[PDB]
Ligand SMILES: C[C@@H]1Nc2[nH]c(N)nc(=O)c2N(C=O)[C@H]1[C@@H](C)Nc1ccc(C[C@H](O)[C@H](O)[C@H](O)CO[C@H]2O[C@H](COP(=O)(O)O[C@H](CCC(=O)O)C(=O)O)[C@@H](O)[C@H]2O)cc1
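Presented as structure tokens, the chain that follows is alone, the form deposited without this ligand.
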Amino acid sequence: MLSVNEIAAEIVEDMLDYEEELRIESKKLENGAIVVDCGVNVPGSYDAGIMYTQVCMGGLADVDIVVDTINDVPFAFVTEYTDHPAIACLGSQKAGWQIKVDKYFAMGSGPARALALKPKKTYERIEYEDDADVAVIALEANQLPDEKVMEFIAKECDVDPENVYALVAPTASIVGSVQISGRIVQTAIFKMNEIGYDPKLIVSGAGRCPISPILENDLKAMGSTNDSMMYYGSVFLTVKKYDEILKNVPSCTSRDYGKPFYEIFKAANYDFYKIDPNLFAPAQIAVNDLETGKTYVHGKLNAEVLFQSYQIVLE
């Protein structure tokens, strides 16, 4: 068995060895839980961003940064791949756990999900459950969790609070930008399962996605980081059997596609904050069908929307 919590815990332990290099800071709480600040009150780093992503993917993925250009403008990009996309992306990475402890709220991502079984149906659909006595969660938040939050996470995971780790970074931070574009494979996997395709048919996935510049607040960053994937995220996927339904994976097949997501979200304040869930999806995919030996291409890139998203100013 592959234990996403045990594998990710090793990477957290590595982060703990290089805190200053990585520009992160941890604290051991009075109940023994370890809270790793990756960008709330510290700058974080590109490499902290990478490691946060690897942790989110339960250590079952390759994640690297390469610098390249869009229409000549240079950006850092995530390039990543995994041969365990159902476990890495659905059973671990997806921010699928609503943590609510009195007044704290955060969406939880990462290996701890596979212990708490959050949400229940995901683990049934992918046929995975972790068995570990360590739990590792990643939180996107502008506040660090305290002893009571960590206690709750540990009880939900059936682990002692001394054996729980949390990585935390806000949306608008380097680690936020890296870890969100680092979801490019996930967006594909999750959208495929959402439209009815069995994620157990997915053999592997490989993805490229620009890392958003850091915008001036968490709400703008929510927009540009989602946009990295929706307008400029590319995925090569391998599956056992193709289904024609996969034409509906790309975000351009959503009624809500066309503007930066920040603009979509602002416009929705006037309609009960409702937005097509299918919008959250990769820009372009190629699907290599093992049955027929054909590779079906769907979607499109959109540098023009991306540059609006990114608040690019040209001369």
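Under this definition, the rigid core comprises the largest set of C-alpha atoms superposing within 1.5 Å between the forms. Just count from 1 along the sequence shown to find any residue number. Residues that one form lacks are left out of the comparison.
Just so you know, the form deposited with this ligand bound exists too; it's not on screen, but the next bit is about it.
Hey, with this ligand in the entry with it bound, do 105, 212 and 259 all fall inside the 4.5 Å heavy atom range?
-> Not a single listed residue reaches this ligand in the entry with it bound, so no.
Of 229, 88, 235, 149, which residue is found within 4.5 angstroms of this ligand in the entry with it bound when only non-hydrogen atoms are counted?
-> Here the answer is residue option 229.
Which listed residue (95, 144, 101, 201) meets the criterion of a heavy atom within 4.5 Å of this ligand in the entry with it bound?
-> It is 95 that has a heavy atom within 4.5 Å of the partner.
Given that the partner is absent here, does residue 280 sit within 4.5 Å of this ligand in the entry with it bound, heavy atoms only?
-> Yes - in the entry with it bound, heavy atoms of residue 280 and this ligand come within 4.5 Å of each other.
Please check if residue 74 has a heavy atom lying within 4.5 Å of any heavy atom of this ligand in the entry with it bound.
-> Flag for residue 74 set to no.
Is there a heavy atom of residue 180 lying 4.5 Å or less from a heavy atom of this ligand in the entry with it bound?
-> Although this ligand is absent here, residue 180 would touch it in the entry with it bound, with heavy atoms inside 4.5 Å.
Evaluate residue 160 for contact with this ligand in the entry with it bound, applying a 4.5 angstroms cut-off between non-hydrogen atoms, and reply yes or no.
-> Contact with this ligand, no.
Tell me, please, which stretch of 182-190, 238-246, 203-211, 80-88 lies within 4.5 angstroms of this ligand in the entry with it bound when heavy atoms are compared?
-> Contact criterion met by 182-190 only.
Taking heavy atoms and a 4.5 Å limit, what residues of 191-230 are near this ligand in the entry with it bound?
-> 194, 222, 225, 226, 229, in sequence order.
Listed options 271, 30, 68, 64; Cα moving by 2 angstroms or more between the shown form and the other one (core superposition) | Among the listed residues, the one whose C-alpha moves by 2 Å or more is 271.
Which way does the C-alpha gap of residue 274 and residue 253 go in the entry with it bound, closer or farther, given it changes by 3 angstroms or more?
-> It is farther: the C-alpha separation of residue 274 and residue 253 rises by at least 3 Å in the entry with it bound.
Upon rigid-core superposition, which contiguous segments of at least three residues exhibit Cα shifts of 2 angstroms or more between the shown form and the other one?
-> Shifted segment: 263-279, the only one.
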